[PDB]
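A short write-up of the structure that comes next.
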Amino acid sequence: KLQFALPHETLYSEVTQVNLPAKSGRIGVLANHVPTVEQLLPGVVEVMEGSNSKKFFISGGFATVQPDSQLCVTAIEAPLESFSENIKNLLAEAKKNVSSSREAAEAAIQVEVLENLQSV
Amino acid sequence: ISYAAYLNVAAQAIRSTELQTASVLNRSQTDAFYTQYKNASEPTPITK
Amino acid sequence: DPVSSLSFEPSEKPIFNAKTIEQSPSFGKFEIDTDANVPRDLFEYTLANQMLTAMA
Amino acid sequence: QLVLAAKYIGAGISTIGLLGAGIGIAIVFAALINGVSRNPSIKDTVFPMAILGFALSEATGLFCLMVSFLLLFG
Amino acid sequence: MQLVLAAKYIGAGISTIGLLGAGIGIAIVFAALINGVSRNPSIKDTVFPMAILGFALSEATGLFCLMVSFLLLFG
Amino acid sequence: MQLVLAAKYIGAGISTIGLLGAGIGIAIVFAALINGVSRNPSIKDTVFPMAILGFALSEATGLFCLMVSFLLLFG
């Protein structure tokens with residue numbers, strides 16, 4: 001059972017294999033998996049229910065396998081369309097910004113997002 | 001920088017991708033003022 | 001809390017501190033290593049997530 | 001004569017071989033304890049695995065030991 | 001004569017030392033199996049073939065060692 | 001003559017080396033016990049007999065080394 005929920009949408013909140021990018025690297029959850037808490041990093045997420053796979057671009061969040069086999073994924077913005085150039089333009093601007101200013105951390109997040117997007 | 005502030009910034013960045021909706025834009029644009037208060041006086045309103 | 005669609009009952013709930021995570025037997029029901037500061041991260045994350053729900 | 005001395009010595013050398021198996025047995029049991037403590041519930045799957053792993057680790061020790069006996073006797 | 005016959009019995013003994021490594025090795029593969037399957041209890045069907053393979057290969061190094069021991073023992 | 005008595009003593013000394021691996025082994029099983037009990041807070045009742053079992057088997061390997069040492073020593 002997968003519970004994948006966002007503030008403004010609710011997705012999978014059964015599912016067979018879920019592939020997650022986590023503080024602990026990358027984690028895949030299949031059936032019984034020991035109950036965990038993981039911070040989800042800004043991510044490309046794949047959720048597979050049977051052979052069907054849906055691919056989500058995710059702003060990071062939290063993942064918590066519950067001991068009752070409920071994979072609580074909470075994230076702010078997760079689909080395929082979310083990945084679907086402008087971000088590269090933005091990163092250039094944001095990089096210039098790092099020179100003066102928290103904004104540095106923002107731009108760092110942007111490098112991660114651009115790379116993560118580029119990965120798709 | 002709180003962890004969820006970090007995640008927040010990532011979420012805002014993520015709608016920059018080409019495909020967009022108003023509710024998303026609203027989720028990426030809001031304003032407020034956090035105002036301090038004393039044990040009385042209110043240090044000057046500073047935009048959130 | 002909007003109790004019924006014609007009523008509202010003012011409601012409160014307790015946000016759980018990082019201490020709570022620490023001294024709860026949540027090691028016995030979940031698994032983290034120690035490298036992550038899951039109390040300091042989960043506290044922050046649910047500080048907002050709980051507040052957002054309350055706001056809604 | 002020299003050969004009879006050499007037999008007794010040779011047997012002794014073979015006894016050294018057992019040390020590796022001993023470490024091996026321990027490694028399997030350590031993993032068992034870690035696994036059991038990790039899941040609270042892996043135990044029924046893991047218990048035959050542990051027995052198999054023990055047996056194979058032990059087997060290497062046994063080979064060393066029989067070579068010792070063979071050299072000892074003849 | 002005595003020197004050569006003795007040498008076979010000594011040399012056989014020396015060969016036996018190599019086996020310790022394989023003994024430790026087998027256990028290391030099994031340890032990973034137990035821990036791995038514990039961490040994801042459903043990985044087993046993929047992993048168990050891999051485990052037996054790793055066992056066999058580690059064991060094989062031990063076998064080559066043991067062969068040289070027996071060759072000196074009985075030749 | 002002298003050589004045969006000498007050889008018995010030498011072979012005994014060499015056999016004593018075998019025990020060391022068992023020594024380290026016993027510790028490893030107990031290390032896992034400690035880590036397990038600290039990990040679970042509550043595993044102890046199942047795991048304690050497991051720890052004893054693992055101890056015994058590891059110990060037995062050293063025992064074999066020891067009896068061979070005596071066997072060569074005494075003849």
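Ordered as shown in the structure tokens, chains take letters A, B, and onward, while each chain numbers its residues from 1 and ligands are numbered from 1 in the order shown.
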
Could you give me, as a CSV table (one decimal) with N, CA, C and O atoms, in the first residue's frame, the residues within 12 Å of residue 48 of chain E, counting only C-alpha atoms and dropping anything in the same chain fewer than 3 positions from it?
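Final output, saved to result-v7.csv:
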chain,number,residue,atom,x,y,z
D,45,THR,N,12.7,-17.0,8.1
D,45,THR,CA,13.4,-17.1,6.8
D,45,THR,C,14.8,-17.3,7.0
D,45,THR,O,15.5,-18.1,6.3
D,46,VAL,N,15.4,-16.5,8.0
D,46,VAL,CA,16.8,-16.5,8.2
D,46,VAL,C,17.4,-17.7,8.9
D,46,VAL,O,18.5,-18.0,8.7
D,49,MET,N,18.8,-20.3,6.6
D,49,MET,CA,19.9,-19.7,6.0
D,49,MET,C,21.1,-19.7,6.8
D,49,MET,O,22.2,-20.0,6.4
D,52,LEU,N,22.6,-23.2,7.0
D,52,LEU,CA,23.3,-23.5,5.8
D,52,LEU,C,24.7,-22.8,5.8
D,52,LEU,O,25.7,-23.5,5.5
E,29,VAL,N,29.9,-13.9,2.5
E,29,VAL,CA,28.8,-14.0,1.5
E,29,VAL,C,27.5,-14.2,2.2
E,29,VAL,O,26.5,-13.5,2.0
E,30,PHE,N,27.5,-15.2,3.1
E,30,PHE,CA,26.3,-15.5,3.9
E,30,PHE,C,25.9,-14.4,4.8
E,30,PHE,O,24.7,-14.3,5.0
E,32,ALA,N,26.2,-11.2,4.2
E,32,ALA,CA,25.6,-10.3,3.4
E,32,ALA,C,24.2,-10.7,3.0
E,32,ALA,O,23.3,-9.9,3.0
E,33,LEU,N,24.0,-12.0,2.8
E,33,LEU,CA,22.7,-12.6,2.5
E,33,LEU,C,21.7,-12.4,3.6
E,33,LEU,O,20.6,-11.9,3.4
E,34,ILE,N,22.1,-12.6,4.9
E,34,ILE,CA,21.3,-12.5,6.0
E,34,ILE,C,20.9,-11.1,6.2
E,34,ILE,O,19.7,-10.8,6.4
E,36,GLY,N,21.0,-8.5,4.1
E,36,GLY,CA,20.4,-8.0,2.9
E,36,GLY,C,18.9,-8.3,2.9
E,36,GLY,O,18.1,-7.5,2.7
E,37,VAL,N,18.6,-9.6,3.2
E,37,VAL,CA,17.3,-10.1,3.2
E,37,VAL,C,16.5,-9.6,4.4
E,37,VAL,O,15.4,-9.2,4.3
E,41,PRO,N,12.7,-7.7,3.1
E,41,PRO,CA,12.4,-9.1,3.1
E,41,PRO,C,11.5,-9.4,1.9
E,41,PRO,O,10.3,-9.6,2.1
E,42,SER,N,12.1,-9.6,0.8
E,42,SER,CA,11.4,-9.9,-0.5
E,42,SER,C,12.5,-9.8,-1.5
E,42,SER,O,12.2,-10.1,-2.7
E,43,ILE,N,13.8,-9.5,-1.1
E,43,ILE,CA,14.9,-9.4,-2.1
E,43,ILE,C,15.4,-10.8,-2.3
E,43,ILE,O,16.1,-11.1,-3.3
E,44,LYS,N,14.9,-11.8,-1.5
E,44,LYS,CA,15.4,-13.1,-1.3
E,44,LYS,C,15.5,-13.9,-2.6
E,44,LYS,O,16.4,-14.7,-2.8
E,45,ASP,N,14.4,-13.8,-3.4
E,45,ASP,CA,14.3,-14.7,-4.6
E,45,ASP,C,15.4,-14.3,-5.6
E,45,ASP,O,15.9,-15.2,-6.3
E,51,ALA,N,23.8,-15.5,-3.9
E,51,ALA,CA,24.5,-16.0,-2.7
E,51,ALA,C,25.2,-17.3,-2.9
E,51,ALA,O,26.3,-17.5,-2.6
E,52,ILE,N,24.5,-18.2,-3.6
E,52,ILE,CA,25.0,-19.5,-3.8
E,52,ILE,C,26.1,-19.5,-4.8
E,52,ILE,O,27.1,-20.2,-4.7
E,53,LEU,N,26.0,-18.5,-5.8
E,53,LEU,CA,27.1,-18.3,-6.8
E,53,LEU,C,28.3,-17.8,-6.1
E,53,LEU,O,29.4,-18.3,-6.4
E,54,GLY,N,28.2,-16.8,-5.2
E,54,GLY,CA,29.3,-16.2,-4.5
E,54,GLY,C,30.0,-17.2,-3.6
E,54,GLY,O,31.2,-17.2,-3.5
E,55,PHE,N,29.2,-18.1,-3.0
E,55,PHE,CA,29.7,-19.2,-2.2
E,55,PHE,C,30.5,-20.1,-3.0
E,55,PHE,O,31.6,-20.4,-2.6

- [ ] Taking only C-alpha atoms into account, report as number ranges by chain which residues of chain C lie within 12 Å of chain D.
- [x] C: 27-33

Selected residues written out with N, CA, C and O atoms, as a PDB file, in the first residue's frame:
ATOM      1  N   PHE C  27      12.179   3.938  17.473  1.00  0.00           N
ATOM      2  CA  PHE C  27      13.251   3.095  17.001  1.00  0.00           C
ATOM      3  C   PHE C  27      12.768   1.683  16.917  1.00  0.00           C
ATOM      4  O   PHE C  27      13.275   0.888  16.130  1.00  0.00           O
ATOM      5  N   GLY C  28      11.690   1.371  17.665  1.00  0.00           N
ATOM      6  CA  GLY C  28      11.201   0.031  17.785  1.00  0.00           C
ATOM      7  C   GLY C  28      10.178  -0.220  16.723  1.00  0.00           C
ATOM      8  O   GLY C  28       9.662  -1.329  16.628  1.00  0.00           O
ATOM      9  N   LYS C  29       9.765   0.842  15.997  1.00  0.00           N
ATOM     10  CA  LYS C  29       8.744   0.730  14.991  1.00  0.00           C
ATOM     11  C   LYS C  29       9.214   1.285  13.677  1.00  0.00           C
ATOM     12  O   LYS C  29       8.446   1.287  12.718  1.00  0.00           O
ATOM     13  N   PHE C  30      10.419   1.887  13.622  1.00  0.00           N
ATOM     14  CA  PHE C  30      10.967   2.375  12.382  1.00  0.00           C
ATOM     15  C   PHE C  30      12.443   2.244  12.518  1.00  0.00           C
ATOM     16  O   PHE C  30      12.946   1.856  13.565  1.00  0.00           O
ATOM     17  N   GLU C  31      13.178   2.619  11.457  1.00  0.00           N
ATOM     18  CA  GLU C  31      14.582   2.374  11.363  1.00  0.00           C
ATOM     19  C   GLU C  31      15.121   3.627  10.751  1.00  0.00           C
ATOM     20  O   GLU C  31      14.594   4.132   9.764  1.00  0.00           O
ATOM     21  N   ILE C  32      16.136   4.216  11.410  1.00  0.00           N
ATOM     22  CA  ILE C  32      17.021   5.185  10.817  1.00  0.00           C
ATOM     23  C   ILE C  32      18.363   4.815  11.367  1.00  0.00           C
ATOM     24  O   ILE C  32      18.443   4.111  12.370  1.00  0.00           O
ATOM     25  N   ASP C  33      19.462   5.306  10.747  1.00  0.00           N
ATOM     26  CA  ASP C  33      20.808   4.954  11.117  1.00  0.00           C
ATOM     27  C   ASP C  33      21.134   5.841  12.293  1.00  0.00           C
ATOM     28  O   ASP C  33      20.688   5.578  13.405  1.00  0.00           O
TER      29      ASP C  33
END

Task: Test item: residues at most 9 Å from segment 33-47 of chain A, only C-alpha atoms, excluding those fewer than 5 positions along its chain, as a PyMOL selection string - done: (chain A and resi 15-25+28+52-69+71+73-75+78+109+112-113+116-117+119-120) or (chain B and resi 7+10-11) or (chain C and resi 29-32+36+38+41-42) or (chain D and resi 38-39) or (chain E and resi 38-42)

Task: Proximity to chain D - best of E:46, E:61, E:69, E:35, only C-alpha atoms - done: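 Of E:46, E:61, E:69, E:35, the one nearest chain D, counting only C-alpha atoms, is E:35.
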
Open item on the list: Nearest residue to chain D out of E:63, E:7, E:56, E:20, using only C-alpha atoms?
Closed with: E:20

- [ ] Point out the residue among F:6, F:50, F:21, F:12 with the least atom-to-atom distance to residue 35 of chain D, counting only C-alpha atoms.
- [x]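 Of F:6, F:50, F:21, F:12, the one nearest residue 35 of chain D, counting only C-alpha atoms, is F:50.
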
Task: Nearby residues (only C-alpha atoms) at most 7 Å from residue 72 of chain E, same-chain spacing under 6 positions excluded, as a VMD selection string - done: chain E and resid 8 to 9 11 to 12

Task: residue 50 of chain C surroundings by only C-alpha atoms, 10 Å radius, close-in-sequence under 4 positions cut, as number ranges by chain - done: C: 13-16, 45-46, 54-55

Open item on the list: Report as a ChimeraX atom specification all protein, DNA and RNA residues lying within 8 Å of residue 84 of chain A, evaluated on only C-alpha atoms, omitting residues in the same chain fewer than 5 positions from it.
Closed with: /B:17-19

The selected residues should be written to file as a PDB file, in the first residue's frame (atoms: N, CA and C atoms).
ATOM      1  N   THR B  17       7.559  22.395 -15.465  1.00  0.00           N
ATOM      2  CA  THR B  17       8.814  23.076 -15.867  1.00  0.00           C
ATOM      3  C   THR B  17       8.447  24.104 -16.880  1.00  0.00           C
ATOM      4  N   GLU B  18       8.012  23.676 -18.092  1.00  0.00           N
ATOM      5  CA  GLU B  18       7.579  24.593 -19.119  1.00  0.00           C
ATOM      6  C   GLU B  18       6.082  24.755 -19.043  1.00  0.00           C
ATOM      7  N   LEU B  19       5.401  23.863 -18.292  1.00  0.00           N
ATOM      8  CA  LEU B  19       3.973  23.700 -18.371  1.00  0.00           C
ATOM      9  C   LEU B  19       3.503  24.123 -17.018  1.00  0.00           C
TER      10      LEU B  19
END

Open item on the list: Just checking: using only C-alpha atoms, which residue out of A:11, A:32, A:82, A:77 ends up closest to chain D?
Closed with: A:32

- [ ] Kindly determine which residues of chain B lie within 8 Å of chain C, considering only C-alpha atoms, and give the answer as a PyMOL selection string.
- [x] chain B and resi 2-4

Write a file of the just-selected residues containing N, CA, C and O atoms, as a short mmCIF file (atom, residue, chain, number, x, y, z; two decimals), in the first residue's frame.
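Output saved as out-v8.cif:
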data_model
loop_
_atom_site.label_atom_id
_atom_site.label_comp_id
_atom_site.auth_asym_id
_atom_site.auth_seq_id
_atom_site.Cartn_x
_atom_site.Cartn_y
_atom_site.Cartn_z
N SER B 2 15.91 26.30 7.29
CA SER B 2 15.24 25.15 7.84
C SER B 2 15.12 24.17 6.72
O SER B 2 15.21 24.54 5.55
N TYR B 3 14.98 22.87 7.05
CA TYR B 3 14.95 21.80 6.08
C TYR B 3 13.78 21.98 5.16
O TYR B 3 13.87 21.77 3.96
N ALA B 4 12.64 22.43 5.72
CA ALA B 4 11.43 22.56 4.96
C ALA B 4 11.47 23.84 4.17
O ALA B 4 10.77 23.96 3.18
#

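We find atom CA of residue 31 of chain D and atom CA of residue 37 of chain C to be spaced 26.1 Å apart.
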
Open item on the list: Could you tell me how far atom CA of residue 12 of chain D sits from atom CA of residue 68 of chain D, in Å to one decimal place?
Closed with: 6.8 Å

TODO: Using DSSP on the backbone coordinates, identify all residues within chain C classified as alpha helix (DSSP H); present the result as a list in words.
DONE: residues 18, 19, 20, 21, 22, 23, 38, 39, 40, 41, 42, 43, 44, 45, 46, 47, 48, 49, 50, 51, 52, 53, 54 and 55 of chain C

Task: Selected residue of minimal separation from residue 85 of chain A among B:21, B:1, B:16, B:46, counting only C-alpha atoms - done: B:16

- [ ] Between B:40, B:24, B:32, B:9, single out the one closest to residue 107 of chain A, counting only C-alpha atoms.
- [x] B:9

- [ ] Report the distance between atom CA of residue 74 of chain D and atom CA of residue 71 of chain E in Å, rounded to one decimal place.
- [x]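 About the pair atom CA of residue 74 of chain D and atom CA of residue 71 of chain E: they are 14.7 Å apart.
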